[PDB]
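Peer 1: Take a look at this one; I'll ask things after.
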Amino acid sequence: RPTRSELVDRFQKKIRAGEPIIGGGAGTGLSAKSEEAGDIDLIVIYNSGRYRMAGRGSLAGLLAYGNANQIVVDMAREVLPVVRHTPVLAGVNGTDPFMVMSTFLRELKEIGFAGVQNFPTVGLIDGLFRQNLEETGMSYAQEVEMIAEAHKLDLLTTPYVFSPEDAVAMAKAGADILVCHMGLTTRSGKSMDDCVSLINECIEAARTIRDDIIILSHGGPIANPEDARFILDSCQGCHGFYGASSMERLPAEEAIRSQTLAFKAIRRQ
Amino acid sequence: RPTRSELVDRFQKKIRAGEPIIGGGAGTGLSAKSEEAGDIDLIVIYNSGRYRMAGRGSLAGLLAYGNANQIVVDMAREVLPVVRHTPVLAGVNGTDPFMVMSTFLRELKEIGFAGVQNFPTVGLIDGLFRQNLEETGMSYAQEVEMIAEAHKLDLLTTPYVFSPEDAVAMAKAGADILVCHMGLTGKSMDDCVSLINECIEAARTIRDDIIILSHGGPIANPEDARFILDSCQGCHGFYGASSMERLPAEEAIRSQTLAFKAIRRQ
Amino acid sequence: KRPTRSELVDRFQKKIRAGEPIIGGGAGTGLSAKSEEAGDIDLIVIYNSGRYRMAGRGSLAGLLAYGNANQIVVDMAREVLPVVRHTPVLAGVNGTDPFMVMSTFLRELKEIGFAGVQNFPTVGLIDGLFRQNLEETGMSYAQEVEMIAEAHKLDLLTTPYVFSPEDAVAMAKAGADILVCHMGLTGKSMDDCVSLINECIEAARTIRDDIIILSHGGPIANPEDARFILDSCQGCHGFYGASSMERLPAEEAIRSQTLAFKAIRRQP
Amino acid sequence: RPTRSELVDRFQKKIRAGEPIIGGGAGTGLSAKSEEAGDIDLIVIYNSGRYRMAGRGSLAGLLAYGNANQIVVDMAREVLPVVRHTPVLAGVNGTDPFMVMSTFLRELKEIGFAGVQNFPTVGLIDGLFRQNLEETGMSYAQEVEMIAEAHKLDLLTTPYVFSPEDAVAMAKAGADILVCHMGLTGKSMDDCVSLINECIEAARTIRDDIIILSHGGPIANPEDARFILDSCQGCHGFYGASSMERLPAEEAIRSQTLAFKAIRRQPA
Amino acid sequence: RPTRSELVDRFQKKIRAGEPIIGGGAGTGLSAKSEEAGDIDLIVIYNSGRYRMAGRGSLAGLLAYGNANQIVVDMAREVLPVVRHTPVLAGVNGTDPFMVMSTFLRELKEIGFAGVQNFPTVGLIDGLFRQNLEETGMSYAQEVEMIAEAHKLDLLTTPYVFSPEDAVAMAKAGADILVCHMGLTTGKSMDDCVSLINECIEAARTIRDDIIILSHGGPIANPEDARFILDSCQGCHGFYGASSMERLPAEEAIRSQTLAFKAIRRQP
Amino acid sequence: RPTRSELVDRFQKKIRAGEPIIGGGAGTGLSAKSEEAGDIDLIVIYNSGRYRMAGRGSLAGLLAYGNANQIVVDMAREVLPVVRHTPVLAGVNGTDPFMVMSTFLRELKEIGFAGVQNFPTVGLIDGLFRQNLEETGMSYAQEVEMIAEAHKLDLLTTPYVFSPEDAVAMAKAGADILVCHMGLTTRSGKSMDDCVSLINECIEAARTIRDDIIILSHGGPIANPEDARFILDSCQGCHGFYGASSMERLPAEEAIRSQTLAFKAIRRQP
Ligand SMILES: [Cl-]
Ligand SMILES: [Cl-]
Ligand SMILES: [Cl-]
Ligand SMILES: [Cl-]
Ligand SMILES: [Cl-]
Ligand SMILES: [Cl-]
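Structure representation (structure tokens):
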């Protein structure tokens, strides 16, 4: 059972060899197993993965359709056993008012997760609704604290950050990896130029605290291996990419559909 | 909500147009959704689908790892809402000692299922163990009785049959579609042609209008299914679960993962 | 015989004609509901945010991934329905729930003994790009409108929150009996509220002239404020309170009583 | 998090200042939070609290309507996170034949409860029915044993006692506080004074420094508690539950509802 | 599937033939199955049966160790499928404050129960505690109302009665069978039972001449005791047994079998 | 609370004194309590116990009517608190794809079980169905691994074996007791002669790994004490008997039926 330090050494080794760190979301055990088979560097499981693999939108994991934290424990039964040599992280809902994080994080460690991520995250929420949440005890600060406690438990931490300010707070928390989240994936949101600017801004910020933080990109217009490649070319300090919808949903969806059509096409002589 | 008779017309019209009826298993909402996008004729959900998509073996669905009938109800929540114009059937564990068929089949229909299939089925089990089950109250006969009650409740019924005897028993229960299960993936392709034909001849002694699908054994792919259509004139299609959702999903996620892992800075 | 939807509407219209305001209440516990009925409230609505406010958490906890809202409302029915003897109790339904079959769940709620439904939790409370993304990916207010339309076909009393003239039209066309004009988290100025409520009233009226209109939210915090809205918004017939009805009164009373017991002293 | 001894010292310091110890029952997180907002000295949660805040009777917590010990674990997530500087105790059903008492108490400590009380308690049950319970393994002695075990785990213990004999057993068990229980909030005030004084005298035969609170029967309000303080020299406070949260919340929600129903718009 | 009317006919026919009606409590599927094998006339299932078959005391079913009404529903799947031609009744907790009686009785009928009995019953509770329960909405009168509503749904009803007053109340409710409950088995003297049962028969006859009357409880522990009562109480038509029917036989048989296996020795 | 070593020493002391070890299945708390009342040597609880006590067939515990591993945890509450001085073992479904053995076995130990047994077991399954299960991640060898791990946690292990090969595997895993399982209890199954041969072969196979391993008989036509005694007579290294259907189901069934008849037989006097 590798330590956090060993995992961070594993990654920084690949980074020095010019190899990207790719993390993936798994919503089913088959997803997890297939991602391991493609030599994925780390796998994360959250409620959104389930909902995604149910054919629903990713943002379904942020709303009142189920308890995120209880769903992730339930999903562990499906996923952990079929993954044999790849670290699996738990998406933790850090603002859960009915969870004691310290206890829950220990529980996740004993279940077998290598680490955690803050997901669902209020960082995806904007507007006056976001402001009210921050004002009434459902703030990103609480996610930051959750990451800090996880770090103190020697769990790997790969938190989503949406700004330099977030990048700092999570650096100071002891985050091993920062996933710069650009927004929901797939001309609605951020330009590719905006992503470049923000990601570089977060890199410079992160580094004010610590020069050896690993920084990966996720979301908005970064939708496919070529988009991920453009970020690696554009942002020097960025060394990889986290994908969930890109990794498991769209591929499966295409393949199942193509296969169905193929059977449907056969005719008798 | 289309009636059973409407669904049977739809299928019999496609058969007369020379089109195969293809049925599919969905272990996830995404599976069902993508099978509908591929214009599948019907979708069936059951525990084994869920376990396949968890990356376990199909037969995990037959063992003491969960209650099949409770799982299919839970899966209804994930699948039924994302399927818009395709009938969805419930795999029902007919030997369940703690179920009341009547009340349960009535529940599945209220929930929105278009029909039922006998799965998990003791018909996959063989040997002394199968004989012990048959003798101690867990018989395929009970799965036949379940399909009969389903029929009396005007549910579409697409049961698995394993022999001419099964095919007859199920034909009499009022089965709309007989899926000839060639069993454990083994039978040679030729053995399958001969047994499927025997079941068709058996079915046809009860009534001439029953729809017959193939599944299982070496029938792994579209050209295998085609081969059975060519060899068994009374056979009108194919049902696939593992072939439809598992191997395609598996291979696509792996390849996608590798494409992400293979990117390099310029 | 429990009253029919028509009979409740008749009951409310009769009070409106007498110049009595219609007061709707949120109940998060059975004691809340019972106490509201004791104060002659006209209707009671129960949902997760009620439970959570009575657990001392923020209202908006009911909108996030801390539980399944639609399961919780069903769980709450045994706490409330039995202690409410002659007042309609409605269920907040989460209309965008992807794992709900709408028609069967509404039918369930009717069989359980609910008189009606409201759309809560609601995406109407959500703004910005996040709302736009939700709207674009299957979690639209339009789904809540459809939920209400189906509830209406089942002859459930419907009392949806609306946040705009657009919402008011959509819900009015769905067959809403009562529109609750929600001004945001209990923000908008009082003048802003007068304007928007009047706009919602106008919007509802382009569809049907007999819809019952209640205010809620934003700065409308107390009887005086509700009355101001009544004076200012002639087509408004009342008020829906949740936080103002159960949380604040309970909080202040329990604090006071604790202090009262602590202040006791032996004679000496 | 303060230790058992740190809490007892705190109480004795108050007592030396001539200030009574007020204990409160809480059935919801809002109740707990409001009790802490009034600087209550300790909070105790259990099923009867939940049930009273659901509008039902206190004695509902004693019968086959739920599993007490599971309920109190469930209530922990509602109450513990919103209480910041007040000890919270768990009512434990000490005769529960499916609980392993030592494991359960351990779990409660780990969860973050400061201590325990024997509730539900068979001490409220009398007559032949009680005799049968005592003879068939549902005895008050098992509740005494549970408090003994709780005390060995350094949990604060605040048991109900119904007689001087109960007072000695719990004193001998290591109880920190004895709550003299006079019945459902029956006995006259004078009867209560004699019984409490009998319990104080019996407890004192074991330890001089045990804290004694009154609860129940005709002790309904602060004036009543005061009377007991005046009448019972060795008594140093009061535990309230029904009087602390149900009656206050009830009356407050009713009045607020009436205030809203009383509003009248200006003439048209 | 037999109607209530048909079962009562079936029973009266046996009575006219001089056969006693024997009812049994079943706490497991095997119990029910074995009781049918022995030509039991009816089977009633409830929490205490489960709990006795778990090795606990009968009175565990009355206290806060679980929800009785939820348990009877969970037991249905264990029992109903293995009973092929005997009526199975549900013990309903009639004072359950979280139960909606009309919908719950309807649920039970759908599931396939032939009838109901009031169990757990507050009739086993005495003293001031029972007076308190009676005064705060957990009264035998509610159990009477539950049986009345069950009779309206054409469920067979076999209530426990503890007095001539109970016998009249339940007779007027439409009870098909009154079970005269003498208290906890293995209390009342045998003579006290004869008198009370004769009083209940007399009281029931004031309402109707064709009610079926069974004995249960107290010293009525075995076939001989049951026969004594038949001989001593003319209007008594049989016996209901729960602890005597399943628990004691199973206990003794299992212990004997264990010793029989242990007794074996290798032979040279 | 006794250590595994103390339990083994206790059993071995009986054996040395010429007395058989008797193990029993309990599906209810009353059963467990009644078996302890007869000074049974050990008790094992699992879904098939519960299901037999619900009037269903033993093999119902193998099929998709429930999660065996969840059920045995649920049963603990019913049984552990009423057994005061007898080891109680948990049946563990070793091929459960959604269980992590290590953490589950720690839980069971912590919950208060003295040990474990492989039940439900694929050993009861034959034919091509069995072969398929073995080939697709549901093999008896996973049951062996579970026992190996339980042993490493110092849990008492009392697995079922169905062959000499099974006996060797379990012996190497550190099994304290092997239960030679002859098939479903009670013309259909193995003859007594077949049972004698198979048990004697397992005994010798096991003893080549560990001379002092404890061996009990179960199943097939070994239905009553005389049958169990016959096996003692015929299988010299067999030290006792594990009964489940025979220990609780049959005795209770018959006693409840006889009691019911006894009440139905009463009549008023002439
Ligand atoms: Cl409000
Ligand atoms: Cl609200
Ligand atoms: Cl009080
Ligand atoms: Cl009895
Ligand atoms: Cl069997
Ligand atoms: Cl046996």
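Residue numbers (the deposited numbering), protein chains in the order written: chain E, 9 to 194, 201 to 283; chain F, 9 to 193, 203 to 283; chain A, 8 to 193, 203 to 284; chain B, 9 to 193, 203 to 285; chain D, 9 to 194, 203 to 284; chain C, 9 to 194, 201 to 284. For every residue, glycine included, the Cβ atom is placed at its ideal position computed from N, Cα and C.
Looking at residue 189 (chain E) and ligand 3, is the gap between the Cβ and the nearest heavy atom below 8 Å?
Peer 2: No, since every heavy atom of ligand 3 falls outside the 8 Å radius drawn around the Cβ of residue 189 (chain E).
Peer 1: Between which two residues does the beta strand (DSSP E) holding residue 231 (chain D) run?
Peer 2: Per DSSP, residue 231 (chain D) belongs to the beta strand (DSSP E) from 228-232.
Peer 1: In the DSSP assignment, what are the bridge partners of residue 255 (chain D)?
Peer 2: Answer by DSSP bridge pairing, in chain order: D:30 and D:231.
Peer 1: Here's the rule: buried if 16 or more other CB atoms are within 10 angstroms of the residue's CB, otherwise exposed. What is residue 93 (chain D)?
Peer 2: The residue in question, residue 93 (chain D), is exposed, as its Cβ has fewer than 16 Cβ neighbours within 10 Å.
Peer 1: Give me the Cβ distance between residue 136 (chain C) and residue 134 (chain F), rounded to the nearest whole Å; I'm assuming they're in contact under 8 Å.
Peer 2: With 8 Å as the limit, residue 136 (chain C) and residue 134 (chain F) qualify as a contact, their Cβ atoms being about 6 Å apart.
Peer 1: Mind the definition here: the stretch 98-111 of chain B touches the stretch 95-103 of chain D only if three or more C-beta pairs lie below 8 Å; say whether that holds.
Peer 2: Because the criterion of three Cβ pairs below 8 Å is not met, the stretch 98-111 of chain B and the stretch 95-103 of chain D do not touch.
Peer 1: Does the Cβ of residue 26 (chain A) have 16 or more other Cβ atoms within 10 Å, making it buried, or fewer, making it exposed?
Peer 2: Exposed, because fewer than 16 other Cβ atoms sit within 10 Å of the Cβ of residue 26 (chain A).
Peer 1: Can you check the stretch 47-97 of chain E for any beta strand (DSSP E) of at least 3 residues that lies completely inside it and give the ranges in chain order?
Peer 2: Within the stretch 47-97 of chain E, the complete beta strand (DSSP E) runs of at least 3 residues are 50-53 and 73-75.
Peer 1: Does any residue of chain D bring its CB to less than 9 Å from the CB of residue 72 (chain B)?
Peer 2: Output row for residue 72 (chain B): interface = yes.
Peer 1: Classify residue 13 (chain A) as buried or exposed, calling it buried when 16 or more other Cβ atoms lie within 10 Å of its own Cβ.
Peer 2: Exposed, by the Cβ-count rule.
Peer 1: Under 8 Å, with one C-beta from each stretch per pair, do the stretch 16-32 of chain D and the stretch 59-78 of chain D reach the 3-pair mark?
Peer 2: As far as the Cβ criterion goes, the stretch 16-32 of chain D does not touch the stretch 59-78 of chain D, which means the pair count is below three.
Peer 1: Quick check: residue 84 (chain A) and residue 127 (chain A), are their CB atoms within less than 9 Å of each other?
Peer 2: Their beta carbons are not under 9 Å apart, which means residue 84 (chain A) does not touch residue 127 (chain A) by this criterion.
Peer 1: Alpha carbon to alpha carbon, how far is residue 252 (chain F) from residue 108 (chain F)?
Peer 2: One C-alpha to the other measures close to 33 Å.
Peer 1: In this structure, how does DSSP classify residue 312 (chain F) when only helix, strand and coil are distinguished?
Peer 2: No statement about residue 312 (chain F) is possible, as the shown extent of chain F runs from 9 to 283 and does not include it.
Peer 1: Helix, strand or coil: how does DSSP classify residue 163 (chain C) here?
Peer 2: Three-state result, residue 163 (chain C): coil.
Peer 1: Any C-beta of chain C within less than 8 Å: which residues of the stretch 19-42 of chain D qualify?
Peer 2: Cβ contacts with chain C: 26, 27, 28, 30, 32, 36, 37, 38, 39, 40, 41 and 42.
Peer 1: Would you list the one or two residues that DSSP bridges to residue 186 (chain A)?
Peer 2: Looking at the DSSP assignment, residue 186 (chain A) forms a beta bridge with A:229.
Peer 1: Work out the CA separation of residue 59 (chain D) and residue 72 (chain D) for me, nearest whole Å.
Peer 2: Spanning the two alpha carbons is a distance of roughly 13 Å.
Peer 1: When you compare each of E:116, E:179 and E:213 to residue 189 (chain E) by their alpha carbons, which one comes out closest?
Peer 2: Closest by alpha carbon: E:213.
Peer 1: Ordered along the chain, which non-local residues of its own chain (more than five positions away) have a Cβ less than 7 Å from that of residue 248 (chain B)?
Peer 2: The answer, listed in chain order, is 210.
Peer 1: Taking the DSSP output, what are the residues bridged to residue 236 (chain D)?
Peer 2: According to DSSP, residue 236 (chain D) bridges with D:233.
Peer 1: Which of the three DSSP states, helix, strand or coil, is assigned to residue 108 (chain E)?
Peer 2: Note: residue 108 (chain E) maps to coil in three-state DSSP.
Peer 1: Residues of chain B with a CB under 9 Å from the CB of residue 82 (chain D): which are they?
Peer 2: What residue 82 (chain D) touches in chain B: nothing, since even the nearest Cβ is about 13 Å away.
Peer 1: Nearer than 8 Å: is that true of the beta carbon of residue 66 (chain C) relative to any heavy atom of ligand 5?
Peer 2: Yes, since a heavy atom of ligand 5 falls inside the 8 Å radius drawn around the Cβ of residue 66 (chain C).
Peer 1: By the 10 Å Cβ neighbour count, where 16 or more other Cβ atoms means buried, how is residue 49 (chain B) classified, buried or exposed?
Peer 2: Buried, by the Cβ-count rule.
Peer 1: Taking the CB atoms as reference points, tell me whether residue 259 (chain E) and residue 33 (chain E) lie closer together than 9 Å.
Peer 2: Yes, they are a contact pair.
Peer 1: Any residue with its C-beta under 5 Å from a non-hydrogen atom of ligand 6 counts. Can you list them all in chain order?
Peer 2: Having a Cβ closer than 5 Å to some heavy atom of ligand 6 are C:193, C:257, C:258, C:259 and C:260.
Peer 1: How big is the Cα-Cα spacing for residue 20 (chain A) and residue 254 (chain A)?
Peer 2: Straight-line Cα distance between these residues: approximately 12 Å.
Peer 1: Taking the straight line between their C-alpha atoms, what separation do you get for residue 52 (chain C) and residue 141 (chain F)?
Peer 2: C-alpha separation (whole angstroms): 23 Å.
Peer 1: By the three-class DSSP mapping on this structure, what secondary structure does residue 140 (chain E) have?
Peer 2: Here residue 140 (chain E) sits in helix by DSSP.
Peer 1: Are residue 155 (chain D) and residue 187 (chain D) close, meaning C-beta to C-beta below 9 Å?
Peer 2: No, these two residues do not count as a Cβ contact at 9 Å.
Peer 1: In terms of residue numbering, what span does the beta strand (DSSP E) encompassing residue 123 (chain A) cover?
Peer 2: Here the beta strand (DSSP E) through residue 123 (chain A) covers 123-126.
Peer 1: When DSSP builds the beta bridges, which residues end up paired with residue 168 (chain E)?
Peer 2: DSSP, once it has assigned bridges, lists E:187 as partnering residue 168 (chain E).
Peer 1: Helix, strand or coil for residue 99 (chain F) per DSSP?
Peer 2: Here residue 99 (chain F) sits in strand by DSSP.
Peer 1: Would you check if the distance between the CB atom of residue 86 (chain F) and the CB atom of residue 37 (chain F) is smaller than 9 Å?
Peer 2: Result yes, Cβ atoms of residue 86 (chain F) and residue 37 (chain F) sit closer than 9 Å.
Peer 1: Should residue 90 (chain F) and residue 63 (chain E) be called a contact, given that it needs their Cβ atoms to be closer than 9 Å?
Peer 2: Closer than 9 Å, so yes.
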